[PDB]
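S.K.:
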Amino acid sequence: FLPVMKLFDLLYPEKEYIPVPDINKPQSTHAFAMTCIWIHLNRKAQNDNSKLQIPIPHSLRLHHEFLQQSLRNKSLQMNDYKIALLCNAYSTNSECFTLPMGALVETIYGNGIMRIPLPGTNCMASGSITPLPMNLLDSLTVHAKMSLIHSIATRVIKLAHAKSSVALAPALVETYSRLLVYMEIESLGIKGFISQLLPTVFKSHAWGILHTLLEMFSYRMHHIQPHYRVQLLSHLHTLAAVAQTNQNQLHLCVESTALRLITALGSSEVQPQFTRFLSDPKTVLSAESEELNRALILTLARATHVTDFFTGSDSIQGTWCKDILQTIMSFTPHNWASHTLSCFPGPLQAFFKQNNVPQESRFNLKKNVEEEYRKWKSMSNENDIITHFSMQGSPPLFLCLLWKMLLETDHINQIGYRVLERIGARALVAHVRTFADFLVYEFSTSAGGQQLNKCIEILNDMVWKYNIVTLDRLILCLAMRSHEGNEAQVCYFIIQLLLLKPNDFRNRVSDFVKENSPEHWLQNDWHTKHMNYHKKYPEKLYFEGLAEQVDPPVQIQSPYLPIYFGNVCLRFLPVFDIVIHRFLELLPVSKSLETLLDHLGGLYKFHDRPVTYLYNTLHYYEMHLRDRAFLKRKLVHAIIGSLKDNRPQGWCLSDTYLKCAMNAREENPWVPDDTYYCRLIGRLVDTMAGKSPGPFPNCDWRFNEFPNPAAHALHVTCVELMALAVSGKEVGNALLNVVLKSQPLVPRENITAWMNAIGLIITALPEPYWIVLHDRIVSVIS
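Everything in the sequence shown is counted per the authors' numbering, starting at 392 for the first residue and increasing by one.
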C-alpha cells in the first residue's frame, strides 16, 4: 500500500492546510478520502509501532483535527454525514469503531423503545421503522458496509435463536434489502444469504424470520444472478416439502414466492441454469403443487421461443427439456388446453400430444358432489363428520359441498370450519382445483340470469366474507385449467366477473395505487402507508370471516407472521400476467381484456419488470396479435401509461410515437416514415456510443430490470417496433432501408455503429421481422 504516498504527493501540492468542507453533502465524504487512507496506514503501522510510523502531512492536519474532534464528541446524530466519515475512517479499529457503529445501528434496530404492531393478530415487532437512506449507504466504504452486513446478519441469527415472538424491525429488513443490492460485498451478501443465513433459519425452525426473508426476496430484490435464483427455488421446494405447513400464511408465501421466481426467469438464463440441475431434476420442481409446474412449463415455452432454441431441430429428445418435462409428467399428470398448446414450440407440442392423461366426466363429478352432500345432511356425529369429509386420498369435493351449503342454506354449521382446519393448506389447493372444475361445469349448466348473479355473489362471499380462498389462488387455479371451447369461455368469464362485478378488489387496487409509489429505495415512510392500507382493508388468512359467521362463533387466536410488504394487490400481479396471456391465447374474449386493462391497469405501476413483460408478451404472441392491432395497442398503452407518473418524460416511447400513435383509428393507421426509424436507431447508437445529454434520462440501474442503459434502449425500442400497427415485413424492410437506402441523419464515418444497432434490434425481434434479410440477399444475388 505504500506507493499511494507519491501519488498523494503528485495530486496534492500545497503549502497550507486544506479547509474542511460542508458535512451536509454526501460527496464531502469524497473530500476526506486521503485522510482516511492516512488513518488506515497509521493503524496498520501501529503493528511494530515505531518501525515505519506514518506521520500525517501538513496539508491533512486540519481534516485530521476535524475527525479527532468529531470522534471526541459523544452527542452524535444521523442528521449530517459526520457519522459516515467516522465509520469510514475508523472501520479498521477495534474499539474506536463501535462509537459510530452502535450510533447508526441503534437507529435501525430499535432496542428498548416500544413494540409496534404488524397487521393481523398477535404481531409485535421492534420499534424502529425508518431505514438508512440510500446516499448514506452509498457514502460509506466497502468495509463499513461489510461490517454493517455482518452485524445485521448476526442480529437476525441471534433473534432466530431466541425463539422470540417479537418480530424483526421494519427498518432493519428495509435496510438489509437495500444493502443486498451491492454486488461488491458479494461473498458477505446474497451468497451468505442463501448459502448460510437461510439454511440456518430453516434449521432453527423459526417461521417468523423465514417469512420475513421470503417476503424481502419476493418484494425487494431486483438483480439476482440466476444460479442464486434457481438455488432459492430449490430451497423453496424443499421447504414446501416439509414444515407441516398448515400455516396458510407460510404456505401462501412460499407458493407465491416460487411463482414470482419462475415467471421472472429471463429468456436466456433457462438453458445454462437448468443444465446444471439436470441430473437432479426433482430439486427444482414442485411435487405437489401443479400450478408451479405449469408455470415452469410456460416459462420454458417462452424461453425456448424467444431465443429460438428449437429451430435447427424438431425432436425434443437429446435435449435437457426432455428430462424436466418427463419429471413433470410424474408427480403431475396434467393435460394442456388446445388454445394454450397451439402457442408452444413444435417439440413441446409433439411431447404433449402424447402423455395425455384422461380426466373425469362432468356428470360423474356432479354425482360425487351430490353423494357427499346427502351424506353431510344425513350424518350427525361430529368427529365422524370431521374424519370422513377430510379422509386423505378421498376425492376432494369439500369446497363444492360448501358451495352447495351456502347456495341455499346461506350459512355454514359449526363443523365445516373444523373440517377445514383439519384439512390444512396443502390439500386445500387440490380442493380449490376440483372446485374450479365444478365451478365451470355448474356455471356452464346454469341459466344466466338472477341465479347467475346469485352464484357470483356467493363466490364473492366465499372469497371475502368467509375467507375460504385467497383471490389470486382461486384465479390462478381457474386460469390454469384445461378446458376447451365454450367451457373455457365460461371460465374466463368467471375470472372477469370475479375481478369486476364486486367492489371488493377494485377498491383495494384503486386505494393502493393512489396512495403508494414503487420507488422503495427513495421512500422512508413505507411502513406508515402500509399500516394505513392494512388498517383500511385487513387481510385475513386463517378463516376469520368463517370463524365469525359460524353460529357458535369460534374464537381463533392463532399468531400471524410478520408482514412488511405483502398484500393482495401485490400477490395478484404474477397471476394477472398469466391471466392476460390466457386472454390473448383465446380468441373471442378480447373485450374482457380491454375492460380489465381499463380497470386494473394502473396496478402495473408496481410490476417489477413491465418492459420485459411486454417484450415477452408481444414477442411470444406475435402470431396471434398480427390482426388485432387495437388490442396490442391497448395493452402496451395501458402497461406503459400506468408508469407515466414516476418515470421521466420520454423514458420508453419516442415522442413522435406519443404524438401520432396515441390517437384512435379512423381507418387511417399512422404509417411511419424513414425519419421515424432513423430516430429510433439513433437513440440506440447514442446510448451505446455514450452521450452526455443522453437520449434517455439516466436511472439507477441497481434498481431496474435492465442492467445497463443499452439493454434498456434495446428493449424499449423492440417493444415500440412490435407495438406498431404495420406488419412485420414493412418494419423489417424499413429498418434495413435506414442503412441500405441513401439517407441523411445517418452519417458516413459512423456507419458501422448504425449497422450494429440494426443487427441488435432486428435480431431481437420475432421471425417475420428478421426474415426479410434473406429476401434482400436474393434481391442482390439476382
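Even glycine gets a Cβ: it sits at the ideal position worked out from N, Cα and C.
1) With a threshold of 8 Å, are at least 3 pairs of Cβ atoms found where one atom belongs to the region 969-981 and the other to the region 1009-1017?
2) Measuring only the C-alpha atoms, how far is residue 1082 from residue 513?
3) Do residue 723 and residue 684 have their C-beta atoms within less than 8 Å of each other?
4) Are the beta-carbon atoms belonging to residue 585 and residue 623 less than 8 Å from one another?
5) Rounded C-beta distance between residue 821 and residue 636? I'm assuming under 8 Å.
6) Note the first and the last residue of the continuous beta strand (DSSP E) segment covering residue 516.
7) Who are the Cβ neighbours of residue 746 in its own chain at under 6 Å, not counting the five residues just before and after it?
8) Of the choices 573, 415, 639, whose alpha-carbon is the least far from that of residue 930?
9) Strictly by DSSP, which residues pair up with residue 507?
10) Closest to residue 1142 by CA distance: which of 1100, 1080, 1085, 618 is it?
11) Taking the C-alpha atoms as reference points, what is the distance between residue 1027 and residue 1034?
12) Does the beta-carbon distance from residue 509 to residue 954 come in below 8 Å?
13) I'd like to know whether the C-beta atoms of residue 568 and residue 607 end up nearer to each other than 8 Å.
14) Pick helix, strand or coil for residue 860, following the three-state DSSP scheme.
15) State the start and end residues of the unbroken alpha helix (DSSP H) segment that holds residue 990.
16) Would you mind stating whether residue 1185 and residue 631 have Cβ atoms separated by less than 8 Å?
17) I need the boundaries of the alpha helix (DSSP H) containing residue 614, first residue and last residue.
18) Give me the residue from 668, 756, 960 with the minimum Cα distance to residue 904.
19) Look up residue 633 in the DSSP assignment and say whether it is helix, strand or coil.
20) May I ask you to report which of helix, strand or coil DSSP gives residue 959?
21) Compare the C-alpha of residue 457 against each of 803, 496, 420, 893 and name the closest.
22) Hey, could you find the ends of the alpha helix (DSSP H) residue 854 is sitting in?
23) DSSP state of residue 760, grouped into three classes?
24) Would the C-beta of residue 1062 count as close to the ligand PLP, meaning under 7 Å from any of its heavy atoms?
25) Does DSSP put residue 1155 in a helix, in a strand, or in coil?
26) Tell me whether residue 557 sits in a helix, a strand or coil according to DSSP, three-state version.
27) So, residue 994 versus residue 1029, is the Cβ gap smaller than 8 Å?
28) Using 8 Å for Cβ pairs, my map puts residue 516 next to residue 559. What's the rounded Cβ distance?
29) Suppose the cutoff is 7 Å on Cβ atoms and the five residues either side in sequence are ignored; what does the same chain contact list for residue 920 look like?
30) Starting from the Cα of residue 804, find the closest Cα among 786, 776, 782 and give me that residue.
31) Measure the alpha-carbon distance for residue 1131 versus residue 749 and round it to whole angstroms.
32) For residue 883, count the other beta carbons within 10 Å of its own beta carbon; 16 or more makes it buried, fewer makes it exposed. Which is it?
33) Can you tell me whether residue 573 is buried or exposed, with buried defined as 16 or more other CB within 10 angstroms of its CB?
34) Taking the straight line between their C-alpha atoms, what separation do you get for residue 490 and residue 462?
35) May I have a chain-ordered list of the alpha helix (DSSP H) segments no shorter than 4 residues that lie completely inside the region 728-798?
36) Any idea what DSSP makes of residue 1106, helix, strand or coil?
M.R.: The answer reads as follows:
1) yes
2) Position 691 of the sequence shown, counted from the first residue, corresponds to residue 1082. Position 122 of the sequence shown, counted from the first residue, corresponds to residue 513. Near 55 Å, if we compare the C-alpha coordinates of residue 513 and residue 1082.
3) Counting from one through the sequence shown, the residue named residue 723 turns up at place 332. Counting from one through the sequence shown, the residue named residue 684 turns up at place 293. Yes; because the gap between Cβ atoms is below 8 Å, this pair is in contact.
4) Here residue 585 is taken as the residue at index 194 of the sequence shown, counted from 1. Here residue 623 is taken as the residue at index 232 of the sequence shown, counted from 1. Yes, these two residues count as a Cβ contact at 8 Å.
5) To locate residue 821, count along the sequence shown from 1; it is residue 430. To locate residue 636, count along the sequence shown from 1; it is residue 245. Their Cβ separation, rounded to whole angstroms, is 14 Å, which puts residue 821 and residue 636 out of contact at 8 Å.
6) Translated into the one-based positions of the sequence shown, residue 516 becomes position 125. Where residue 516 is concerned, the enclosing beta strand (DSSP E) stretches over 515-517.
7) Position 355 of the sequence shown holds residue 746. Excluding sequence neighbours, residue 746 sits near 720.
8) Your numbering for residue 930 matches position 539 in the sequence shown. Here the closest residue by C-alpha is 639.
9) The residue you call residue 507 lines up with position 116 of the sequence shown. The partner list for residue 507 (beta bridge, DSSP) reads 516.
10) If you number the sequence shown from 1, residue 1142 lands on position 751. Ranking 1100, 1080, 1085, 618 by Cα distance to residue 1142 puts 1080 first.
11) Locating residue 1027 in the sequence shown gives position 636, where the first residue counts as 1. Locating residue 1034 in the sequence shown gives position 643, where the first residue counts as 1. The straight-line gap from Cα to Cα measures roughly 11 Å.
12) On the sequence shown, residue 509 is found 118 positions in, with the first residue counted as 1. On the sequence shown, residue 954 is found 563 positions in, with the first residue counted as 1. Going by C-beta atoms, residue 509 is nearer than 8 Å to residue 954.
13) Counting from one through the sequence shown, the residue named residue 568 turns up at place 177. Counting from one through the sequence shown, the residue named residue 607 turns up at place 216. For residue 568 and residue 607, yes; Cβs fall inside 8 Å.
14) Here residue 860 corresponds to residue number 469 of the sequence shown, with the count starting at 1. If DSSP states are grouped into helix, strand and coil, residue 860 belongs with coil.
15) Residue mapping note: residue 990 aligns to position 599 of the sequence shown, counting from 1. Element bounds for residue 990: 981-990.
16) Examination of residue 1185 is not possible in this model, given that the chain is present from 392 through 1173 alone.
17) On the sequence shown, residue 614 is found 223 positions in, with the first residue counted as 1. Where residue 614 is concerned, there is no enclosing alpha helix (DSSP H), given that its DSSP letter is neither H nor E.
18) The count along the sequence shown starts at 1 and reaches residue 904 at position 513. Checking every option, the nearest Cα to that of residue 904 belongs to 960.
19) Here residue 633 corresponds to residue number 242 of the sequence shown, with the count starting at 1. In the structure shown, residue 633 sits in coil (DSSP, three-state: anything other than H, G, I, E or B).
20) By one-based count along the sequence shown, residue 959 stands at place 568. Coil.
21) Looking up residue 457 in the sequence shown gives position 66. It is 420 whose Cα lies nearest to the Cα of residue 457.
22) Locating residue 854 in the sequence shown gives position 463, where the first residue counts as 1. Taken as a continuous stretch (DSSP letters only), residue 854 belongs to no alpha helix (DSSP H), as it is neither H nor E.
23) Here residue 760 corresponds to residue number 369 of the sequence shown, with the count starting at 1. Residue 760: helix per DSSP, three-state reduction.
24) Inclusion of the ligand PLP in the displayed structure is not the case, the ligand content being empty and no account of it being possible.
25) Translated into the one-based positions of the sequence shown, residue 1155 becomes position 764. Residue 1155: coil per DSSP, three-state reduction.
26) Position 166 of the sequence shown, counted from the first residue, corresponds to residue 557. Note: residue 557 maps to strand in three-state DSSP.
27) Sequence index remark: in the sequence shown, residue 994 carries index 603 (1-based). Sequence index remark: in the sequence shown, residue 1029 carries index 638 (1-based). No.
28) Residue mapping note: residue 516 aligns to position 125 of the sequence shown, counting from 1. Residue mapping note: residue 559 aligns to position 168 of the sequence shown, counting from 1. Confirmed, about 6 Å.
29) On the sequence shown, position 529 is the one that residue 920 refers to. So the list reads 906, 907, once near-sequence residues are dropped.
30) Locating residue 804 in the sequence shown gives position 413, where the first residue counts as 1. Per the Cα distances, 776.
31) Within the sequence shown, the letter at position 740 stands for residue 1131. Within the sequence shown, the letter at position 358 stands for residue 749. For residue 1131 and residue 749, the distance between alpha carbons rounds to 56 Å.
32) Counting from one through the sequence shown, the residue named residue 883 turns up at place 492. Burial call: buried.
33) Within the sequence shown, residue 573 is the residue found at index 182, counting from 1. Buried, since its Cβ has 16 or more Cβ neighbours within 10 Å.
34) Indexing the sequence shown from 1 puts residue 490 at position 99. Indexing the sequence shown from 1 puts residue 462 at position 71. Each residue's alpha carbon lies about 8 Å from the other.
35) 729-732, 737-744, 753-769, 773-779
36) For the purposes of this step, residue 1106 is taken as residue 715 along the sequence shown, with counting starting at 1. Residue 1106: helix per DSSP, three-state reduction.
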